[PDB]
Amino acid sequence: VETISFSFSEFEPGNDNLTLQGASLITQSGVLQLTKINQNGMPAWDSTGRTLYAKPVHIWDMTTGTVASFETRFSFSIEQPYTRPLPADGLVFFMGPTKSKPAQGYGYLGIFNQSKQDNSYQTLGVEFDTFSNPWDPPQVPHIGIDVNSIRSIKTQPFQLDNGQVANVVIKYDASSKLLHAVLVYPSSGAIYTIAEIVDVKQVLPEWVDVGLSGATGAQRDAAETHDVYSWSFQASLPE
């Protein structure tokens, strides 16, 4: 059974277990800022940042056909400081091909290049989308399950509690092929849930890099923060 596990209760500047890409940065206070915050302390527009765990994870084995069960938990906050233009774009927890670089930002969230459903993406993502693009449902923010496309196969609207910490739990049970995610805001006590069937063998490569990506908007000040406070992950391949 090969297992891989990690827990960052806080982020350490300079640690070598995380690959930071784009605007991503760890502050001296221990928080991971996925998108840029300016000198005056406000979120910068046109920013994309990602953080990938530095070891690939063996998610399924073609020789035996077994696939791993996994769980990830993370805490984040989004602060939207201006009434207009509308804030944008959101953050995503994703799994895809190893050694990837950032793709398009804005509504593609640093992981897709257009809005087609293309099997060559080989990407699974759980988004927290704050801007309604032509491919989105009208309600934002929303949690969405993305399978080889920014056009989610399932969406769940949620209300943002501005600048408050949200706790996320995403679990995948390989036997039932069920991906279930929960978002809880301790401040208001709000609980949101989403679940869909996803057979990972049809989507992902055998080895994947796991990460978080965030992006701000395409026009001046269409921005918000995408701060992450802790992140843990565990995966077990019955092999």
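The numbering used is simple: start at 1 and walk along the sequence shown.
> On average, which has the higher Cα B-factor in the deposited entry, 146-154 or 95-103?
The stretch with the larger mean CA B-factor is 95-103.
> Between 82-90 and 164-172, which has the higher average C-alpha B-factor in the PDB entry?
Per the deposited B-factors, the answer is 82-90.
> When you compare the CA B-factors of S230, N15, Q21, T216 as listed in the entry, which one comes out on top?
Spelled out: the listed residue with the top C-alpha B-factor is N15.
> Looking at the C-alpha B-factor values in the deposited entry, which of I197, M42, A190, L204 comes out highest?
That would be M42, according to the entry.
> Ordered by C-alpha B-factor within the chain, which third holds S115? Give me lowest, middle or highest, please.
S115: CA B-factor falls in the middle third of its chain.
> Is the Cα B-factor recorded for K177 in the lowest, middle or highest third of its chain?
CA B-factor rank for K177: middle third.
> Compare the C-alpha B factor of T130 with those of the other modelled residues in its chain, then answer lowest, middle or highest third.
It falls in the bottom third of the chain.
> Relative to the other modelled residues of the same chain, rank the CA B-factor of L212 and answer lowest, middle or highest third.
Answer is lowest: the recorded C-alpha B-factor places it there.
> Going by the entry, which third of its chain does the Cα temperature factor of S69 land in?
Its C-alpha B-factor belongs to the middle third of this chain's values.
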